>>> print(open('start_2.cif').read())   # mmCIF, C-alpha atoms and all ligand atoms
data_protein
#
loop_
_atom_site.label_atom_id
_atom_site.label_comp_id
_atom_site.auth_asym_id
_atom_site.auth_seq_id
_atom_site.Cartn_x
_atom_site.Cartn_y
_atom_site.Cartn_z
CA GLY U 3 -12.09 14.40 21.81
CA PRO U 4 -9.60 11.91 20.24
CA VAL U 5 -6.07 11.75 21.73
CA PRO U 6 -3.44 12.97 19.17
CA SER U 7 -0.93 10.62 17.57
CA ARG U 8 2.31 11.03 15.69
CA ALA U 9 4.56 8.64 13.85
CA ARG U 10 7.41 7.09 15.89
CA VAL U 11 9.75 7.55 12.87
CA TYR U 12 10.32 10.17 10.14
CA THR U 13 8.23 12.73 12.08
CA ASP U 14 10.48 15.70 10.93
CA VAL U 15 11.20 14.85 7.29
CA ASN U 16 8.74 17.46 5.78
CA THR U 17 9.75 20.27 8.12
CA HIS U 18 13.50 19.88 7.43
CA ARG U 19 13.02 19.69 3.62
CA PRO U 20 12.30 23.04 1.77
CA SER U 21 8.57 23.97 1.35
CA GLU U 22 8.89 23.33 -2.46
CA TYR U 23 9.24 19.60 -1.57
CA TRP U 24 5.78 19.07 0.02
CA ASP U 25 3.78 22.13 -1.11
CA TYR U 26 2.43 20.31 -4.21
CA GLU U 27 -0.05 23.15 -5.00
CA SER U 28 2.84 25.55 -5.76
CA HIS U 29 4.53 23.04 -8.15
CA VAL U 30 4.73 24.10 -11.82
CA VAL U 31 4.24 21.03 -14.11
CA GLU U 32 6.84 20.63 -16.91
CA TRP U 33 4.74 19.39 -19.88
CA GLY U 34 6.26 16.99 -22.40
CA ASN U 35 5.29 16.23 -26.04
CA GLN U 36 2.16 14.04 -26.37
CA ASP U 37 3.23 13.11 -30.00
CA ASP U 38 6.22 11.11 -28.59
CA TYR U 39 3.70 8.44 -27.49
CA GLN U 40 1.51 6.07 -29.50
CA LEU U 41 -1.23 4.22 -27.59
CA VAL U 42 -1.20 0.48 -28.40
CA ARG U 43 -3.87 -1.13 -26.16
CA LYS U 44 -6.14 -0.31 -23.23
CA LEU U 45 -4.97 -2.33 -20.19
CA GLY U 46 -7.76 -1.18 -17.85
CA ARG U 47 -9.87 1.59 -16.35
CA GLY U 48 -10.26 2.30 -12.64
CA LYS U 49 -12.14 5.09 -10.82
CA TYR U 50 -9.32 7.56 -11.39
CA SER U 51 -7.72 6.69 -14.77
CA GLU U 52 -7.71 4.79 -18.08
CA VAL U 53 -4.43 2.81 -18.43
CA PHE U 54 -2.72 2.06 -21.78
CA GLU U 55 0.26 0.10 -23.04
CA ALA U 56 2.04 2.55 -25.38
CA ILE U 57 5.33 3.07 -27.28
CA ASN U 58 7.68 6.03 -26.93
CA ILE U 59 8.48 6.62 -30.66
CA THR U 60 11.62 8.75 -29.82
CA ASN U 61 13.46 5.64 -28.42
CA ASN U 62 11.09 2.75 -29.51
CA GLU U 63 10.60 1.68 -25.81
CA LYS U 64 7.36 0.32 -24.25
CA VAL U 65 5.71 2.70 -21.77
CA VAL U 66 2.52 2.78 -19.69
CA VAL U 67 0.21 5.77 -20.03
CA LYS U 68 -2.28 6.66 -17.28
CA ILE U 69 -4.83 9.19 -18.64
CA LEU U 70 -6.38 10.81 -15.58
CA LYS U 71 -10.15 11.16 -15.23
CA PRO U 72 -11.34 14.74 -14.24
CA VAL U 73 -11.98 13.45 -10.65
CA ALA U 74 -8.19 12.55 -10.47
CA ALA U 75 -7.15 15.61 -12.60
CA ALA U 76 -7.83 17.87 -9.53
CA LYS U 77 -5.29 16.13 -7.21
CA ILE U 78 -2.63 15.55 -9.94
CA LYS U 79 0.00 17.98 -8.66
CA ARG U 80 0.03 15.81 -5.44
CA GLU U 81 0.58 12.56 -7.40
CA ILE U 82 3.11 14.30 -9.75
CA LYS U 83 5.05 15.89 -6.84
CA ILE U 84 5.16 12.57 -5.00
CA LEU U 85 6.30 10.67 -8.13
CA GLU U 86 8.99 13.27 -8.90
CA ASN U 87 10.14 13.31 -5.23
CA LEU U 88 10.46 9.50 -5.14
CA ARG U 89 11.91 9.05 -8.65
CA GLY U 90 14.95 6.75 -8.70
CA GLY U 91 14.12 5.34 -5.25
CA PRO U 92 14.35 1.55 -4.66
CA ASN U 93 11.50 -0.33 -6.32
CA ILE U 94 9.50 2.94 -6.95
CA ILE U 95 7.84 3.15 -10.39
CA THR U 96 9.61 5.71 -12.62
CA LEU U 97 7.53 8.62 -13.93
CA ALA U 98 9.02 9.08 -17.45
CA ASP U 99 6.92 12.08 -18.59
CA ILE U 100 3.75 14.19 -18.06
CA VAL U 101 1.76 15.19 -21.20
CA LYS U 102 -1.64 16.75 -22.04
CA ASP U 103 -3.91 14.17 -23.71
CA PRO U 104 -5.40 15.77 -26.84
CA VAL U 105 -8.76 13.94 -26.47
CA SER U 106 -9.52 13.92 -22.72
CA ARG U 107 -7.95 17.40 -22.23
CA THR U 108 -6.47 16.03 -18.98
CA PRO U 109 -2.92 15.07 -17.89
CA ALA U 110 -1.51 11.71 -18.91
CA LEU U 111 1.28 10.29 -16.76
CA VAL U 112 3.86 8.24 -18.66
CA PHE U 113 5.58 5.44 -16.66
CA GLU U 114 8.38 2.94 -17.38
CA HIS U 115 6.88 -0.33 -18.55
CA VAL U 116 7.15 -3.41 -16.32
CA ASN U 117 6.65 -6.79 -18.06
CA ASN U 118 4.61 -7.98 -15.08
CA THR U 119 3.99 -11.65 -14.44
CA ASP U 120 0.26 -12.56 -14.22
CA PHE U 121 -1.11 -11.89 -10.66
CA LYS U 122 -2.92 -15.27 -10.35
CA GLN U 123 0.24 -17.09 -11.53
CA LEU U 124 2.42 -15.32 -8.88
CA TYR U 125 -0.14 -15.87 -6.04
CA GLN U 126 -0.49 -19.55 -6.98
CA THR U 127 3.20 -20.43 -7.55
CA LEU U 128 5.50 -18.17 -5.53
CA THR U 129 7.48 -20.32 -3.13
CA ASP U 130 8.20 -19.64 0.56
CA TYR U 131 11.59 -18.17 -0.48
CA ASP U 132 10.01 -15.97 -3.23
CA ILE U 133 7.44 -14.54 -0.76
CA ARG U 134 10.28 -13.56 1.62
CA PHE U 135 12.32 -12.18 -1.29
CA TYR U 136 9.50 -10.03 -2.71
CA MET U 137 8.27 -8.92 0.74
CA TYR U 138 11.86 -7.59 1.41
CA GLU U 139 11.72 -5.77 -1.97
CA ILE U 140 8.35 -4.11 -1.02
CA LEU U 141 9.89 -3.10 2.37
CA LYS U 142 12.71 -1.28 0.50
CA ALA U 143 10.06 0.80 -1.39
CA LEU U 144 8.01 1.52 1.78
CA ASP U 145 11.03 2.46 3.90
CA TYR U 146 12.17 4.72 1.07
CA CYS U 147 8.88 6.52 0.67
CA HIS U 148 8.32 6.79 4.45
CA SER U 149 11.91 8.16 4.87
CA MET U 150 10.90 10.68 2.17
CA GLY U 151 7.91 11.83 4.25
CA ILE U 152 5.29 10.07 2.14
CA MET U 153 2.70 7.37 2.93
CA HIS U 154 1.37 5.25 0.06
CA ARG U 155 -2.12 4.54 1.55
CA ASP U 156 -3.02 2.05 -1.14
CA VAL U 157 -0.74 -0.90 -0.60
CA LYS U 158 -2.43 -3.98 -2.13
CA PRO U 159 -1.43 -6.79 -4.56
CA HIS U 160 -2.51 -4.99 -7.75
CA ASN U 161 -0.24 -2.05 -6.81
CA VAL U 162 2.85 -4.30 -6.65
CA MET U 163 4.06 -5.21 -10.15
CA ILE U 164 6.50 -8.11 -10.44
CA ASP U 165 8.55 -9.17 -13.47
CA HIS U 166 9.39 -12.57 -12.03
CA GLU U 167 11.96 -13.51 -14.77
CA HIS U 168 14.11 -10.51 -13.78
CA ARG U 169 13.17 -10.67 -10.01
CA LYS U 170 12.14 -6.98 -10.47
CA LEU U 171 9.42 -5.40 -8.36
CA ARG U 172 7.78 -1.95 -8.58
CA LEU U 173 5.36 -0.24 -6.22
CA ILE U 174 2.85 1.65 -8.44
CA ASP U 175 -0.30 3.86 -8.26
CA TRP U 176 0.75 6.76 -6.06
CA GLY U 177 -2.63 8.54 -6.65
CA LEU U 178 -3.74 8.10 -3.04
CA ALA U 179 -0.27 8.86 -1.52
CA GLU U 180 0.11 11.82 0.83
CA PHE U 181 2.84 13.80 2.57
CA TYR U 182 2.97 13.01 6.29
CA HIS U 183 2.79 16.07 8.52
CA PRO U 184 2.63 15.43 12.29
CA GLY U 185 -0.77 16.38 13.73
CA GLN U 186 -2.54 16.51 10.33
CA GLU U 187 -5.97 14.87 10.12
CA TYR U 188 -6.33 12.82 6.98
CA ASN U 189 -9.23 11.40 5.07
CA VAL U 190 -10.01 7.82 6.24
CA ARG U 191 -11.53 7.00 2.77
CA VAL U 192 -8.24 5.55 1.43
CA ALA U 193 -6.97 1.99 0.66
CA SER U 194 -9.09 -0.92 -0.66
CA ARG U 195 -11.57 -2.48 1.84
CA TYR U 196 -9.63 -5.69 2.61
CA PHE U 197 -6.43 -3.75 3.31
CA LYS U 198 -7.87 -0.85 5.38
CA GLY U 199 -6.22 -0.47 8.76
CA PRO U 200 -8.32 -0.46 11.98
CA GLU U 201 -7.51 3.30 12.24
CA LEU U 202 -9.51 3.87 9.01
CA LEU U 203 -12.32 1.55 10.11
CA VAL U 204 -12.74 3.39 13.47
CA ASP U 205 -12.49 6.86 11.74
CA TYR U 206 -9.22 7.84 13.49
CA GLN U 207 -7.88 10.59 11.21
CA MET U 208 -4.43 11.31 12.72
CA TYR U 209 -2.75 8.28 11.13
CA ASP U 210 0.66 7.90 9.56
CA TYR U 211 3.10 5.67 7.62
CA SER U 212 2.14 2.68 9.80
CA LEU U 213 -1.15 2.34 7.84
CA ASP U 214 1.01 0.88 4.99
CA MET U 215 2.42 -1.72 7.41
CA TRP U 216 -1.07 -3.01 8.26
CA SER U 217 -1.87 -3.29 4.50
CA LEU U 218 1.42 -5.18 3.97
CA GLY U 219 0.48 -7.56 6.80
CA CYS U 220 -2.91 -8.23 5.12
CA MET U 221 -1.09 -9.12 1.88
CA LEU U 222 1.37 -11.39 3.75
CA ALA U 223 -1.43 -13.18 5.65
CA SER U 224 -3.35 -13.87 2.39
CA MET U 225 -0.16 -15.15 0.69
CA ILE U 226 1.15 -17.51 3.43
CA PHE U 227 -2.26 -18.81 4.54
CA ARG U 228 -3.73 -19.22 1.02
CA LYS U 229 -6.77 -17.20 2.07
CA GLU U 230 -7.75 -14.50 -0.39
CA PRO U 231 -8.47 -11.95 1.14
CA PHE U 232 -7.42 -12.70 4.69
CA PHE U 233 -9.98 -10.35 6.33
CA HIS U 234 -13.06 -10.76 4.14
CA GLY U 235 -15.53 -8.08 5.12
CA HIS U 236 -18.85 -7.59 3.34
CA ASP U 237 -18.56 -3.78 3.90
CA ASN U 238 -16.35 -1.38 6.00
CA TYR U 239 -18.22 -2.30 9.23
CA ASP U 240 -18.11 -6.09 8.80
CA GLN U 241 -14.38 -5.52 7.81
CA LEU U 242 -13.65 -4.52 11.45
CA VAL U 243 -15.71 -7.48 12.80
CA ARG U 244 -13.61 -9.83 10.59
CA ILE U 245 -10.44 -8.36 12.11
CA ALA U 246 -11.89 -8.66 15.66
CA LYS U 247 -12.65 -12.37 15.08
CA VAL U 248 -8.86 -12.87 14.67
CA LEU U 249 -7.16 -10.28 16.92
CA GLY U 250 -9.94 -10.26 19.52
CA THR U 251 -12.28 -7.60 20.87
CA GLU U 252 -10.34 -6.91 24.10
CA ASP U 253 -7.34 -5.46 22.27
CA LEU U 254 -9.72 -3.50 19.99
CA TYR U 255 -11.32 -1.86 23.04
CA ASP U 256 -7.88 -1.17 24.54
CA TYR U 257 -6.95 0.52 21.20
CA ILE U 258 -10.03 2.74 21.00
CA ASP U 259 -9.66 3.53 24.79
CA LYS U 260 -5.98 4.54 24.39
CA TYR U 261 -6.93 7.07 21.67
CA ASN U 262 -10.24 8.11 23.37
CA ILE U 263 -12.08 6.96 20.10
CA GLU U 264 -15.80 6.13 20.28
CA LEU U 265 -16.92 3.32 18.00
CA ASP U 266 -19.86 3.99 15.72
CA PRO U 267 -22.88 2.74 17.84
CA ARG U 268 -23.81 0.47 14.88
CA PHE U 269 -20.95 -1.84 16.14
CA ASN U 270 -22.92 -2.57 19.41
CA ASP U 271 -25.14 -5.18 17.65
CA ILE U 272 -22.45 -6.79 15.34
CA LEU U 273 -19.01 -6.81 17.06
CA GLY U 274 -19.60 -9.45 19.77
CA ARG U 275 -16.93 -10.77 22.18
CA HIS U 276 -13.99 -12.56 20.54
CA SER U 277 -10.77 -13.87 21.95
CA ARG U 278 -7.47 -13.32 20.13
CA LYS U 279 -6.74 -16.41 18.01
CA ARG U 280 -3.26 -18.03 17.82
CA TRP U 281 -1.87 -17.68 14.26
CA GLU U 282 -1.50 -21.53 14.09
CA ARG U 283 -5.33 -21.80 13.79
CA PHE U 284 -4.95 -20.71 10.13
CA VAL U 285 -2.33 -23.38 9.21
CA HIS U 286 -3.47 -26.43 7.25
CA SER U 287 -2.02 -29.02 4.88
CA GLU U 288 -2.45 -26.72 1.79
CA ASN U 289 -0.48 -23.78 3.22
CA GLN U 290 2.05 -25.44 5.61
CA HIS U 291 4.80 -25.12 2.92
CA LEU U 292 4.52 -21.29 3.22
CA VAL U 293 4.32 -21.05 7.00
CA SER U 294 7.15 -20.96 9.52
CA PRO U 295 7.47 -19.74 13.15
CA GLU U 296 9.39 -16.66 11.72
CA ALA U 297 6.52 -15.90 9.24
CA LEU U 298 3.96 -16.03 12.04
CA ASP U 299 6.05 -13.90 14.41
CA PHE U 300 6.57 -11.34 11.61
CA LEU U 301 2.87 -11.26 10.73
CA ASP U 302 1.97 -10.90 14.43
CA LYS U 303 4.09 -7.74 14.62
CA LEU U 304 2.42 -6.11 11.54
CA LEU U 305 -1.22 -6.97 12.28
CA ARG U 306 -1.72 -4.97 15.47
CA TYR U 307 -4.62 -2.64 16.14
CA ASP U 308 -2.39 0.05 17.67
CA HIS U 309 -0.80 1.76 14.72
CA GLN U 310 2.06 2.97 16.98
CA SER U 311 2.88 -0.65 17.97
CA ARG U 312 3.40 -2.12 14.45
CA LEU U 313 6.84 -2.75 13.06
CA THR U 314 8.18 0.12 10.97
CA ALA U 315 9.47 -0.83 7.49
CA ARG U 316 13.14 -0.58 8.57
CA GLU U 317 12.46 -2.68 11.74
CA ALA U 318 10.61 -5.21 9.55
CA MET U 319 13.75 -5.58 7.30
CA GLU U 320 15.71 -6.75 10.39
CA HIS U 321 13.25 -9.57 11.14
CA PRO U 322 14.42 -13.23 11.19
CA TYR U 323 11.84 -14.03 8.48
CA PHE U 324 14.31 -12.42 6.00
CA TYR U 325 17.52 -14.07 7.21
CA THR U 326 17.25 -16.67 4.37
CA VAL U 327 16.93 -13.97 1.68
CA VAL U 328 20.14 -13.50 -0.33
CA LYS U 329 21.38 -9.90 0.20
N1 LIG U 401 4.17 0.48 -14.83
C1 LIG U 401 3.39 -0.43 -15.38
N2 LIG U 401 3.93 -1.33 -16.24
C2 LIG U 401 3.13 -2.24 -16.81
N3 LIG U 401 1.82 -2.41 -16.67
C3 LIG U 401 1.31 -1.51 -15.82
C4 LIG U 401 2.00 -0.52 -15.15
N4 LIG U 401 1.13 0.22 -14.36
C5 LIG U 401 -0.04 -0.33 -14.56
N5 LIG U 401 0.01 -1.38 -15.43
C6 LIG U 401 -1.10 -2.20 -15.91
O1 LIG U 401 -2.28 -1.75 -15.31
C7 LIG U 401 -3.29 -2.78 -15.47
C8 LIG U 401 -4.22 -2.76 -14.29
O2 LIG U 401 -5.23 -1.73 -14.47
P1 LIG U 401 -5.23 -0.47 -13.48
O3 LIG U 401 -3.85 0.10 -13.40
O4 LIG U 401 -6.34 0.45 -13.85
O5 LIG U 401 -5.58 -1.14 -12.05
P2 LIG U 401 -4.90 -2.19 -11.05
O6 LIG U 401 -3.46 -1.84 -10.86
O7 LIG U 401 -5.26 -3.57 -11.51
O8 LIG U 401 -5.66 -1.91 -9.68
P3 LIG U 401 -6.47 -0.66 -9.05
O9 LIG U 401 -7.05 0.11 -10.23
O10 LIG U 401 -7.52 -1.29 -8.20
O11 LIG U 401 -5.46 0.16 -8.27
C9 LIG U 401 -2.51 -4.09 -15.68
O12 LIG U 401 -2.79 -4.65 -16.96
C10 LIG U 401 -1.03 -3.68 -15.56
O13 LIG U 401 -0.20 -4.39 -16.45
BR1 LIG U 402 5.05 -11.52 -1.98
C1 LIG U 402 4.06 -10.55 -3.28
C2 LIG U 402 3.85 -9.19 -3.09
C3 LIG U 402 3.08 -8.48 -4.00
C4 LIG U 402 2.55 -9.15 -5.10
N1 LIG U 402 1.79 -8.68 -6.15
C5 LIG U 402 1.53 -9.73 -7.00
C6 LIG U 402 2.10 -10.87 -6.52
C7 LIG U 402 2.77 -10.52 -5.30
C8 LIG U 402 3.54 -11.23 -4.37
BR1 LIG U 403 1.39 -10.83 -1.18
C1 LIG U 403 -0.21 -11.09 -2.17
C2 LIG U 403 -1.40 -11.33 -1.49
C3 LIG U 403 -2.55 -11.64 -2.21
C4 LIG U 403 -2.48 -11.70 -3.60
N1 LIG U 403 -3.45 -11.97 -4.53
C5 LIG U 403 -2.89 -11.91 -5.78
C6 LIG U 403 -1.57 -11.60 -5.69
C7 LIG U 403 -1.28 -11.45 -4.29
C8 LIG U 403 -0.14 -11.13 -3.56
#
>>> encode(input="start_2.cif", output="structure tokens", more="lines below")
Ligand SMILES: Nc1ncnc2c1ncn2[C@@H]1O[C@H](COP(=O)(O)OP(=O)(O)OP(=O)(O)O)[C@@H](O)[C@H]1O
Ligand SMILES: Brc1ccc2[nH]ccc2c1
Ligand SMILES: Brc1ccc2[nH]ccc2c1
Amino acid sequence: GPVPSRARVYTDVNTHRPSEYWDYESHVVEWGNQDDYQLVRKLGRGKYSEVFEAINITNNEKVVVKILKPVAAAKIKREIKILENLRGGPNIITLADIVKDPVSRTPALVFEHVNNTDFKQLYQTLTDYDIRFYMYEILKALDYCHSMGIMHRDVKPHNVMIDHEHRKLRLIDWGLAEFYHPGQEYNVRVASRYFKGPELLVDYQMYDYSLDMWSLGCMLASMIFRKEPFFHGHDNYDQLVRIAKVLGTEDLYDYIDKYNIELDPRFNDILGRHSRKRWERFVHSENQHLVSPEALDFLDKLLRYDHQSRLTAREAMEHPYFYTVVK
């Protein structure tokens, strides 16, 4: 069968913390007062929750309320335990309260409000320096959560809120996050299509923190190359073919051979034979202002098939790409 895998970092974090830390099922939720919050406007609805801009009437401060759908209401102790564990961590969204919504009869998570700058506006105007700056901020959140024995599993642009005026960034939506336990087989049905790591696309279940590093690399490639999304698959199968057209099929076969993984036979008639492309192929006059040899070297070390071969978040922070960032 498949060869086992374990993270190269933070492998022992959940065994050396008390069981109360990771055993989310045993956690007793401390319910707050739903009357403290007045819903103001519906911001959006996803598959797992309805999101509202609200006001905390006990302090007159803006808050964000996530009213969980019943499908999310089952795995809420996991999200709550993760949010409580990571609270106060660098660039981690702050869970302010947990209340019972009187209408939905489900939990509503109350978060600090972030006056986020419009996503299109940030993608279209962030400078080379700003991309480095904000990428370093995201790395602080990922190294923190990984050091805390947690993988986000849904790193993507919409889960990174930026208040550009205050140079403030928060990593949000911890609903898909999990505790990392060496040897555990996880569900591969995580992350958004364009950000799914090759381990998910080849159904390799014994993955770890490094999945977040692939997703981060997909965001960086889209940002510096002005190509949204960078790997533009029609479905989960074409998603792997899109990756193979850039990294090449030879390294993909070396990856699946190393882990004794068998590709779905449906890849026999769609994968083809592709050489690895040099990152310079993606540079053009409209993105050259965002590209540098250090950006390309950094990206090359995130976007690797072998999950054990990608930079870790702490190693990534040491990369020359960040030397210009004021610390
Ligand atoms: N902490 C927060 N502060 C301010 N706005 C927030 C916060 N968390 C979420 N939002 C709001 O959530 C809205 C986005 O809707 P929703 O949260 O359902 O999905 P998303 O983050 O766009 O992506 P996805 O649902 O695919 O993960 C935005 O209007 C954003 O301002
Ligand atoms: Br760099 C960077 C990282 C995450 C982001 N989310 C929205 C804009 C943006 C920029
Ligand atoms: Br980094 C990054 C990559 C792609 C994006 N699309 C919209 C915001 C954004 C940020």
>>> residues_near_point(input="start_2.cif", point="(3.3, 11.5, 2.6)", cutoff="9 Å", atoms="only C-alpha atoms", output="list in words")
residues 16, 24, 84, 147, 148, 150, 151, 152, 153, 154, 155, 179, 180, 181, 182, 183, 210 and 211 of chain U
>>> residues_near_ligand(input="start_2.cif", ligand="ligand LIG 403 (chain U)", cutoff="6 Å", atoms="only C-alpha atoms and all ligand atoms", output="PDB file with C-alpha atoms, in the frame of the given file")
ATOM      1  CA  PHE U 121      -1.110 -11.890 -10.660  1.00  0.00           C
ATOM      2  CA  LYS U 122      -2.920 -15.270 -10.350  1.00  0.00           C
ATOM      3  CA  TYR U 125      -0.140 -15.870  -6.040  1.00  0.00           C
ATOM      4  CA  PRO U 159      -1.430  -6.790  -4.560  1.00  0.00           C
ATOM      5  CA  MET U 221      -1.090  -9.120   1.880  1.00  0.00           C
ATOM      6  CA  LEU U 222       1.370 -11.390   3.750  1.00  0.00           C
ATOM      7  CA  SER U 224      -3.350 -13.870   2.390  1.00  0.00           C
ATOM      8  CA  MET U 225      -0.160 -15.150   0.690  1.00  0.00           C
TER       9      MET U 225
END
>>> atom_distance(input="start_2.cif", atom1="atom CA of residue U:8", atom2="atom CA of residue U:319")
21.8 Å
>>> residues_around(input="start_2.cif", residues="residue U:94", least_positions_apart="3", cutoff="7 Å", atoms="only C-alpha atoms", output="PyMOL selection string")
chain U and resi 88-91+143+172-174
>>> axis_aligned_box(input="start_2.cif", around="ligand LIG 402 (chain U)", padding_each_side="5 Å", output="lines of an AutoDock Vina configuration file")
center_x = 3.3
center_y = -10.0
center_z = -4.5
size_x = 13.5
size_y = 13.0
size_z = 15.0
>>> closest_residue(input="start_2.cif", among="U:265, U:98, U:144, U:204", to="ligand LIG 401 (chain U)", atoms="only C-alpha atoms and all ligand atoms")
U:98
>>> closest_residue(input="start_2.cif", among="U:178, U:75, U:140, U:5", to="ligand LIG 401 (chain U)", atoms="all atoms listed in the file")
U:178
>>> closest_residue(input="start_2.cif", among="U:86, U:55, U:103, U:139", to="ligand LIG 402 (chain U)", atoms="only C-alpha atoms and all ligand atoms")
U:139
>>> atom_distance(input="start_2.cif", atom1="atom CA of residue U:6", atom2="atom CA of residue U:264")
14.2 Å
>>> build_atoms(input="start_2.cif", residues="stretch 101-112 of chain U", atoms="N, CA and C atoms", output="CSV table (one decimal), keeping the file's coordinate frame")
chain,number,residue,atom,x,y,z
U,101,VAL,N,2.2,14.6,-19.9
U,101,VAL,CA,1.8,15.2,-21.2
U,101,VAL,C,0.3,15.5,-21.1
U,102,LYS,N,-0.2,16.4,-22.0
U,102,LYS,CA,-1.6,16.8,-22.0
U,102,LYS,C,-2.3,15.9,-23.1
U,103,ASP,N,-3.2,15.0,-22.7
U,103,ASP,CA,-3.9,14.2,-23.7
U,103,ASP,C,-4.8,15.1,-24.6
U,104,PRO,N,-4.6,14.9,-25.9
U,104,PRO,CA,-5.4,15.8,-26.8
U,104,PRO,C,-6.9,15.5,-26.8
U,105,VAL,N,-7.3,14.3,-26.5
U,105,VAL,CA,-8.8,13.9,-26.5
U,105,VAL,C,-9.5,14.3,-25.1
U,106,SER,N,-8.9,13.7,-24.0
U,106,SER,CA,-9.5,13.9,-22.7
U,106,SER,C,-9.4,15.3,-22.2
U,107,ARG,N,-8.3,16.1,-22.7
U,107,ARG,CA,-8.0,17.4,-22.2
U,107,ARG,C,-7.6,17.4,-20.7
U,108,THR,N,-6.9,16.3,-20.4
U,108,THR,CA,-6.5,16.0,-19.0
U,108,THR,C,-5.0,15.5,-19.0
U,109,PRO,N,-4.3,15.5,-17.9
U,109,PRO,CA,-2.9,15.1,-17.9
U,109,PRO,C,-2.9,13.6,-18.0
U,110,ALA,N,-1.8,13.1,-18.7
U,110,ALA,CA,-1.5,11.7,-18.9
U,110,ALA,C,-0.1,11.5,-18.4
U,111,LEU,N,0.0,10.6,-17.3
U,111,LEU,CA,1.3,10.3,-16.8
U,111,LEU,C,1.9,9.1,-17.5
U,112,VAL,N,3.1,9.3,-17.9
U,112,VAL,CA,3.9,8.2,-18.7
U,112,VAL,C,4.9,7.6,-17.7
